[PDB]
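J.:
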Amino acid sequence: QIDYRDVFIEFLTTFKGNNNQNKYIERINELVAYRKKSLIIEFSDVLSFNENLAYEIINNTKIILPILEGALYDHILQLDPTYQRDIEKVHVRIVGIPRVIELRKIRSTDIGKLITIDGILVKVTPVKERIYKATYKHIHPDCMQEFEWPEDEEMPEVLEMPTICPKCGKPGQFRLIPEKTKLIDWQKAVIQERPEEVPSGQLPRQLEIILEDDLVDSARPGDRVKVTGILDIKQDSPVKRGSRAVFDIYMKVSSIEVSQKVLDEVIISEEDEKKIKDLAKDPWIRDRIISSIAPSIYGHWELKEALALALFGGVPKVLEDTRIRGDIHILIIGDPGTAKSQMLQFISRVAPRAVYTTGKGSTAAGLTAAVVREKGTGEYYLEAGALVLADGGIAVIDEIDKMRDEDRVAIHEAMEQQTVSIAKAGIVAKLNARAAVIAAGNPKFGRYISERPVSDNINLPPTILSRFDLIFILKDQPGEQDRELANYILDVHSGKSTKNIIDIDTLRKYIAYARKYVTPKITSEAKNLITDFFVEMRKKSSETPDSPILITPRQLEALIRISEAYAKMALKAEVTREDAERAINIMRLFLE
Ligand SMILES: [Zn+2]
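The opening residue of the sequence shown carries number 7 in the deposited numbering; numbering runs sequentially from there.
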């Protein structure tokens, strides 16, 4: 009925904008120049112009949007009439609308309404095509004319056919002519609820969504994504279950946005004061190290550090051959607990963006892969449900021992440049897993790692170990002797250490991890103290013609100079002096 073409063309062209310089005509220009069909308009720019526009769009989106889209194309042809032949209908898409509904709680009254959803994107199918509008011609003495099949609506997955056609008004033979038929690009993805949002009970919810036209290959699995879509249902036909609607859900995606750095940040607000009161000059390093330990002390002086360190940052990114392998990967192989990671892993479950995968791997990937069948008829999905879900976070993997035979060739990649190269002919993609890996594994027979070399003990890997930075063993504890206070620590007393606040449990996370606003490039005397260590360690080995394997600093000089520099990323802004001493120590301890 009522018509907003007026407001539309009187908006895009007349809108002032950030610089108070005409925008949305300029976006239009780039669009017509680059042969792209999408118009991304901010909702806050509309609400700062016309409010009623919002309500009508967002609630009547179903019918209103395509109207506005065609109405735009008209204005676009008369800026550049040669825009024909290349595009049929440009798209109008809205970013950052007010209604953002968690995929967990979804009203059944929200079908056909415009909404936004936060979540992580896990499974994605390959690019496919479909018929947008099919053009048929009727063979008989009463027709000999052409027509489009989905009148006033759109056609479905499986295409329908005669008998009756409007032209002549009879049944008969119908030939499809691809000459006039319009086609559309197609893809399907699965948004899983965020590991944070997930209550301890039940399981993360999932939503099936459909990426159309140029939205294809916009989002890659493992991404932290916000989408804006219009929900729908198809079914046709539901089989098997049961649970629970019974409505196949359909999200037709208008827009996707991958924009963020760490948006999982639980809060800053008041807590900025508290973590800054926590950056106090006191030996904050040692106490913070005492915090992750609790409540257990065994032979941990090295490990307490290595974990504290692993939880922290240090990621230089250079456009020429990106080299990071930061976010230090540590592996503790020990006999059956023995307290193992059954405790320390649980403490490394208190952390941001933390993926705990118990055993080899869950979800039929465990690191990454492409899958068969599974909804269905032979639909091919590409899904990686483990190590690339920890992107910008820690993947705590217990029992590496059981790792899939096929996967040990994938980690060579995902632990090196932190990408996964995948070509199964379903697609060729580089998945982004920047995750730190804190690992654990059983040895071959009980506790074997005293006499036998620490290699060959962990079974599967011969090399992957080289792709770890700090690997520790769990001492059998023959010589403990210290265990009076050390054990009674918490079995009665609340108090343990001089600080005794121990940064709580959450709070230690609200700073130590949740705070990487720090980017400490080390300089000056540090640069030297590490070097004199480099030459002395090297020459110490290379002086002996016996070839003692070189002590292997050559690649490691890289990741020591990650460790230290970014070990004392612990609320130290760019400042690095004696931090070196700590790292060079534990590495000289390690190399030998
Ligand atoms: Zn006919």
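Ideal Cβ placement from N, Cα and C applies to all residues, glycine included.
(1) So is the beta-carbon of residue 119 under 7 Å away from any non-hydrogen atom of ligand 1?
(2) Which residues count as close to ligand 1 when the rule is a CB under 7 Å from any of its heavy atoms, in chain order?
(3) For residue 82, which of helix, strand or coil comes out of DSSP?
(4) Short of 6 Å in beta carbon distance, which residues of its chain neighbour residue 5, apart from the five on each side in sequence? Order them along the chain.
(5) Would you grab the beta carbon distance between residue 167 and residue 180 for me? Rounded to a whole angstrom, and I think it's under 8 Å.
(6) Can you name the start and end residues of the beta strand (DSSP E) that residue 597 belongs to?
(7) Which whole-angstrom value describes the C-beta separation of residue 228 and residue 437, a residue pair presumed to lie in contact below a C-beta threshold of 8 Å?
(8) For residue 298, does the three-state DSSP call read helix, strand or coil?
(9) Classify residue 128 as helix, strand or coil using the three-state DSSP reduction.
(10) Terminal residues of the continuous beta strand (DSSP E) containing residue 434?
(11) Applying the 10 Å Cβ sphere with the 16-neighbour rule, what's the burial state of residue 150?
(12) Using a Cβ-Cβ cut-off of 8 Å (strictly less than) and excluding sequence neighbours within five positions of residue 405, which residues of its own chain qualify?
(13) Contact between the segment 55-75 and the segment 10-29 is defined here as three or more beta-carbon pairs at a separation below 8 Å; is this criterion met?
(14) Which ranges does the beta strand (DSSP E) cover as unbroken runs of at least 3 residues, wholly within the segment 281-347, from first to last along the chain?
(15) Checking 8 Å against the spacing of the C-beta atoms, do residue 410 and residue 372 come in under that value?
(16) Note down, in chain order, each residue of its chain lying with its Cβ closer than 6 Å to the Cβ of residue 319, except the 5 sequence neighbours on either side.
(17) What does a CB cutoff of less than 8 Å around residue 594 pick up in its chain, not counting 5 residues either side in sequence?
(18) Looking at the secondary structure, which residues open and close the beta strand (DSSP E) in which residue 505 lies?
(19) What are the boundary residues of the alpha helix (DSSP H) that includes residue 575?
(20) Indicate whether residue 236 and residue 118 have their beta-carbon atoms separated by less than 8 Å.
(21) Across which residues does DSSP place residue 15 in a beta bridge pair?
(22) What's the C-alpha gap between residue 304 and residue 494?
(23) Start and end of the alpha helix (DSSP H) containing residue 543?
(24) Is it the case that the Cβ atoms of residue 400 and residue 357 are separated by a distance below 8 Å?
(25) Quick check on residue 138: buried or exposed, where buried means 16 or more other Cβ atoms within 10 Å of its Cβ?
(26) Which whole-angstrom value describes the C-beta separation of residue 376 and residue 432, a residue pair presumed to lie in contact below a C-beta threshold of 8 Å?
(27) Are residue 424 and residue 439 close, meaning C-beta to C-beta below 8 Å?
(28) CB-CB under 6 Å to residue 19, same chain, minus the five flanking residues each way: which ones, in chain order?
(29) Secondary structure at residue 387, three-state DSSP: helix, strand or coil?
(30) Taking the beta carbon of residue 155 as the centre, do at least 16 other beta carbons fall within 10 Å, making it buried, or is it exposed?
(31) Report the three-state DSSP secondary structure of residue 256 (helix, strand or coil).
(32) Within the same chain, show all residues whose beta-carbon is closer than 7 Å to that of residue 271, passing over the 5 residues directly before and after it, in chain order.
(33) Helix, strand or coil: how does DSSP classify residue 212 here?
(34) Can you tell me whether residue 418 is helix, strand or coil according to DSSP?
T.: Taking the geometry as given:
(1) no
(2) 144, 146, 148, 149, 171, 173, 174, 175, 176, 178
(3) helix
(4) Here the chain covers residues 7 to 598 and nothing more, so residue 5 does not appear.
(5) 7 Å
(6) Careful: residue 597 lies outside any beta strand (DSSP E), inside the alpha helix (DSSP H) at 585-597.
(7) 6 Å
(8) helix
(9) strand
(10) 434-438
(11) exposed
(12) 364, 365, 366, 446, 447, 448
(13) yes
(14) 336-339
(15) yes
(16) 522, 572, 575
(17) 539, 543
(18) Note, residue 505: premise wrong, no beta strand (DSSP E); not H, not E.
(19) Where residue 575 is concerned, there is no enclosing alpha helix (DSSP H), given that its DSSP letter is neither H nor E.
(20) yes
(21) Paired residues: none, contrary to the question.
(22) 13 Å
(23) 531-548
(24) yes
(25) buried
(26) 5 Å
(27) yes
(28) 31
(29) strand
(30) buried
(31) strand
(32) 520
(33) strand
(34) helix
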